[PDB]
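In the form deposited in one PDB entry, a lone chain appears below as structure tokens.
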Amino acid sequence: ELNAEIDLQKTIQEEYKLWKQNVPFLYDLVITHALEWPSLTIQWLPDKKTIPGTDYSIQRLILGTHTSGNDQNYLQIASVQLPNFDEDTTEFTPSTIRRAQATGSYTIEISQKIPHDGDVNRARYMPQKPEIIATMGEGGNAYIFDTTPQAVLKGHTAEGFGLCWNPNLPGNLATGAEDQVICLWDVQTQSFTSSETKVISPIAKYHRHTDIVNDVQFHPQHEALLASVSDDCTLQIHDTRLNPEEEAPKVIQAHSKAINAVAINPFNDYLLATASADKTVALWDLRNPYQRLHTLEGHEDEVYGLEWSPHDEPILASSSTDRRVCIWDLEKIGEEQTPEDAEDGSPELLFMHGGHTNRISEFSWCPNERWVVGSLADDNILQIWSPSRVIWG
């Protein structure tokens, strides 16, 4: 055990040195930054601004804290000087707008710091109104903030990490927690003042999982479809218009071990992915739901993080306690490989990011750039990276 800890800390040090040696041959962009507090959550906000007179743009990240002691917790918005490194994403013609260099200097400042009650287990901006952010906080309360608390959502009896807005019904929110419950909420920001904290109770509670509910997501094209995954090893599809006492119209024994994440494809309405403690990502056709489409193998430990590319239908990212973020290309499924190439894994494993030296907490695809990801680990390090276009183009 002492020897295992010695060996693990040794292995990680060697891996990180080997990674740094190969970064020039793997990425078009790598940015690292030591945060003052570690964050459990990350999400890019939708906005990008080209800064006149500079070689960068300003893009923003939603972060949180988890002090877990007698220190104050905060919801944070960080502002990143994202260097102009891509001819395709920046209008360079006004030559006040310069191209960035490897010698340049770029900063990250905490642009907003809002006191938060408890660990920030997860934070998501409302898609229809990006100034509104929901969090999962102390004891299972969820909180709503207007960044330009406004509400507290009481219903959960244990902390939770599942939280998702409805992209087709503004202010509709779903949450899932370690109390085995999923709560639905109607958050009307009209009510918001600035003085008082409004207390909201759920519009519905689902008692359909028999263990911790780890993740929920609404279908991007159906305002009544909610997907949930749980430590009870099920993926469940709920029709929010139906009687909550009723069973979920479909219960899928998707894995034989805990399922940590669910991700619905933003372009293909029937394509869904689940990430599990069995070290695997499973793909599903919602029309043919009890028979898995494919298994994405490669991670060496539990898979926790999962997010489709916002730009390319066949591209999927996952993260794992094996300290890797992997990017998969579904179009390569079933191809043949040389024996040497197969040593790196399945052909659909397009790219591996191995820059983190601890458990990966969460990652988020940058919506305003080409193949840019922001990712977090336990040791306060934020990384903003982009694989070489030679690999994905």
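Residue positions are given as counts along the sequence shown, with the first one as 1.
The next section is about a form of this same protein that is not shown, the form deposited with a partner chain bound.
**Q** Taking the partner chain in the entry with it bound as the reference, which of 332, 48, 66, 359 has a non-hydrogen atom within 4.5 Å?
**A** After the contact test, the surviving option is 332.
**Q** Would you check whether the partner chain, in the entry with it bound, lies within 4.5 angstroms of a non-hydrogen atom from each of 18, 25 and 347?
**A** Yes, all three are in contact.
**Q** Where does the partner chain sit in the entry with it bound: which of 359-367, 56-64, 332-340, 40-48, heavy atoms within 4.5 Å?
**A** Result for this chain: 332-340.
**Q** Would residue 390 show up as a contact with the partner chain in the entry with it bound if we use heavy atoms at 4.5 Å?
**A** Judged by the heavy-atom cut-off of 4.5 Å, residue 390 is in contact with the partner chain in the entry with it bound.
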